[PDB]
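Chain letters run A, B, ... following the sequence lines, proteins first and then strands; every chain starts at 1. All heavy atoms count here, side chains included; hydrogens, waters and symmetry mates do not.
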Amino acid sequence: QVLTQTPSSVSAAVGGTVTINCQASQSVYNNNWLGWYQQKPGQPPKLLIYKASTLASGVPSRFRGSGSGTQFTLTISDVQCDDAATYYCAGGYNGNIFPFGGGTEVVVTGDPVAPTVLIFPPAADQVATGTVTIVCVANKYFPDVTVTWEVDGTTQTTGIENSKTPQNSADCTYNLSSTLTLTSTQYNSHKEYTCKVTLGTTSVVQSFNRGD
Amino acid sequence: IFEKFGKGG
Amino acid sequence: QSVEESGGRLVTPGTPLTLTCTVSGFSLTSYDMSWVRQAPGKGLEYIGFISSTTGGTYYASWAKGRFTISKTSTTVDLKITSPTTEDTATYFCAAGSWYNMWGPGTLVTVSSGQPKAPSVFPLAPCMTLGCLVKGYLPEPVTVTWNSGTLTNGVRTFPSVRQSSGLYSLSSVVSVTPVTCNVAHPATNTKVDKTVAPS
Ligand SMILES: [Cl-]
């Protein structure tokens with residue numbers, strides 16, 4: 001009635017090997033009623049493996065299913081940036097019980113890549129609305145970053161929201177948006193707006209001056 | 001006993 | 001050959017709604033037809049299915065009473081009998097005993113909000129250009145560039161929900177005259193902004 005999928009998260013370098021396990025509380029139907037699925041953010045799942053070990057049409061041979069009864073395994077050899085995804089097992093039991101496992105995130109790792117940083121001032125038409133949104137983008141980086149905002153040299157604590165693109169299917173990198181929201185009065189109060197992007201111990205800084 | 005397993009392949 | 005869900009929309013708790021699954025290029029009755037859902041940032045959850053072998057309808061134990069599965073001449077339907085906040089999710093339909101073919105999903109939003117079309121603002125540095133898509137409900141919005149013809153160098157960030165309950169996202173594109181096309185299907189709204197450098 002439960003499929004316990006382990007681990008919750010796994011990492012390999014490009015060309016590495018990943019193992020994902022799925023353990024049933026009792027024997028699945030016919031000892032082999034277990035499938036494996038890949039899901040990327042925003043997309044529906046895709047069937048990889050059915051009947052424990054059969055590769056679905058079009059699926060790369062580097063995806064392999066094994067096991068029977070209560071213990072099942074998905075391995076990924078020669079891991080590619082394209083393999084960064086969440087993987088799920090899904091099983092079937094006597095009594096028409098069809099649980100999904102809780103999922104395993106696969107993170108594909110590599111050498112750090114330093115971000116470039118862009119800042120976008122608010123459009124003329126935003127100011128008039130009473131609220132202003134400043135956007136900072138960290139482009140094509142790895143692994144994770146942190147972002148700081150300074151307004152005329154004062155570090156901002158509130159009104160910041162961050163959003164990150166999933167790993168690039170070709171090069172494994174992320175992109176990040178950091179948005180600072182202010183009232184039009186607060187915005188028209190200050191001159192220098194600064195976005196600081198920190199990868200590890202190193203910061204890259206981008207700024208603009210209102211009216212330029 | 002169980003209801004007949006409902007998935008065929 | 002495809003499956004397509006429809007019916008995702010914003011509803012207040014307790015308001016019943018029906019989703020439909022339409023198949024193209026094969027018969028509704030040839031293969032197992034399943035409903036699966038996924039709450040935002042969470043795992044897949046099986047709801048129920050109609051068997052091609054037994055002809056029977058089956059539900060997950062947790063889902064019994066909360067959902068009703070039925071079929072018309074052209075659709076497999078999922079009724080949410082009394083939606084809660086906790087029913088907010090993408091609903092997928094899938095064909096085949098192994099969930100072989102999936103639809104893109106349809107989003108159900110269960111909350112007290114009123115629909116709101118986004119405002120779209122141009123992003124240009126004081127080259128990469130963009131569009132800020134601010135203050136919409138429910139999700140989703142779709143963003144394209146030059147009417148879907150510009151895809152290379154396009155990054156559309158995941159939405160974030162603000163304190164208001166309204167959603168926002170940005171989309172940026174790298175080039176060497178670019179238009180962002182924003183759709184808010186919930187309100188049938190289309191917004192185009194031509195983004196000029198400076
Ligand atoms: Cl489930």
Side-chain angles (χ1 to χ4, degrees), chain A residues 1 37 39 41-45 88 90 96-100 102-103, chain B residues 6-7, chain C residues 2-23 28-29 31-51 55-96 99 101-116 136-142 159 161 165-167 184-188:
Chain A
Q1 197 183 326
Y37 304 80
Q39 190 184 27
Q43 297 185 10
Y88 300 88
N96 288 299
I97 304 166
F98 298 100
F100 288 95
Chain B
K7 298 201 184 195
Chain C
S2 71
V3 304
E4 186 165 309
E5 311 87 352
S6 186
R9 55 191 178 100
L10 175 64
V11 298
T12 53
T15 306
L17 79 162
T18 297
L19 310 185
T20 69
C21 182
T22 308
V23 305
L28 218 33
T29 68
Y31 309 114
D32 294 345
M33 295 297 296
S34 305
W35 282 106
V36 174
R37 69 170 187 189
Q38 184 165 46
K42 294 283 185 248
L44 296 170
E45 194 167 27
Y46 158 70
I47 300 169
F49 79 109
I50 305 181
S51 169
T57 299
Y58 305 80
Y59 300 92
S61 178
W62 71 266
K64 176 177 191 283
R66 287 172 63 175
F67 301 88
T68 304
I69 291 168
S70 61
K71 77 201 293 180
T72 72
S73 32
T74 64
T75 69
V76 177
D77 300 350
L78 182 73
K79 180 169 192 181
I80 317 182
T81 58
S82 189
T84 70
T85 296
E86 283 68 34
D87 294 316
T88 295
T90 295
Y91 291 79
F92 294 103
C93 72
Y99 307 120
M101 190 175 322
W102 293 71
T106 195
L107 174 74
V108 176
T109 310
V110 182
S111 91
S112 53
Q114 290 185 305
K116 195 194 161 290
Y136 62 95
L137 185 75
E139 306 191 75
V141 294
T142 68
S159 73
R161 191 171 168 287
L166 301 184
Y167 291 84
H184 187 236
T187 61
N188 304 127

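Taking 4.5 Å as the limit, every side-chain heavy atom of C:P13 sits out of range of all side-chain heavy atoms of C:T84. Under the 4.5 Å side-chain criterion, counting only non-hydrogen atoms from C-beta, C:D32 is in contact with C:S51. The shortest distance between side-chain heavy atoms of C:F67 and C:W62 falls below 4.5 Å. Residues C:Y31 and C:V23 are not in side-chain contact: their nearest non-hydrogen atoms beyond the backbone lie 4.5 Å or more apart. When side chains are defined from C-beta on, C:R66 counts as touching C:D87, because their heavy atoms get closer than 4.5 Å. Contact annotation: the side chain of C:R161 approaches that of C:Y167 to within less than 4.5 Å [non-hydrogen atoms, C-beta and beyond]. In this structure, C:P16 and C:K79 have side chains that are in contact, with non-hydrogen atoms separated by less than 4.5 Å. Using a 4.5 Å heavy-atom cutoff, the side chains of C:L28 and C:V76 are in contact.
Taking all atoms of both residues into account, the shortest heavy-atom contact from C:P140 to C:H184 is O-CD2, 3.4 Å. Taking both residues in full, the closest heavy atoms of C:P104 and C:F92 are given as O-CE2, 3.5 Å, listed atom of the first, atom of the second, then distance. Annotation for C:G7 and C:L19: closest pair C-CD2, 3.6 Å, computed over non-hydrogen atoms. Across all non-hydrogen atoms, the minimal contact from C:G14 to C:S82 is CA-OG, 3.7 Å.
Ring-centre distance between C:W35 and C:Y59: not below the 6.0 Å cut-off. Under the 6.0 Å cut-off for aromatic ring centres, A:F98 and C:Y58 do not qualify, their centroids lying 6.0 Å or more apart.
Checking each of C:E86, C:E5, C:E45 against C:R37 for a salt bridge (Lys or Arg N to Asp or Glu O under 4.0 Å) leaves exactly one that passes, namely C:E45.
Within the cation-pi definition used here (under 6.0 Å to the ring centroid, within 45° of the axis), B:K7 qualifies as a partner of C:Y99.
A distance of 14.5 Å separates CZ in C:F49 from SG in C:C93, rounded to the nearest 0.5 Å. Here the straight-line distance linking atom CZ of A:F100 with atom CD of C:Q38 works out to 9.0 Å at 0.5 Å rounding. Here C:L17 contributes atom CG and C:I80 contributes atom CD1; the two are 4.5 Å apart, rounded to the nearest 0.5 Å. Rounding to the nearest 0.5 Å gives a distance of 13.0 Å between OG1 of C:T187 and CD of C:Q114. Note that the CG atom of C:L107 and the OG1 atom of C:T90 stand 5.0 Å from one another [nearest 0.5 Å]. Taking OG1 of C:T18 as the start and CD1 of C:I69 as the end, the distance is 11.5 Å to the nearest 0.5 Å.
Counting non-hydrogen atoms of neighbouring residues, nucleotides and ligands closer than 6.0 angstrom, the CD atom of A:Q1 reaches no more than 12 such neighbours.
Without hydrogens or angle criteria, C:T57 side chain to C:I50 main chain gives no donor-acceptor distance under 3.5 Å. Here the side chain of C:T109 pairs no donor or acceptor atom with the backbone of C:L10 at under 3.5 angstrom.
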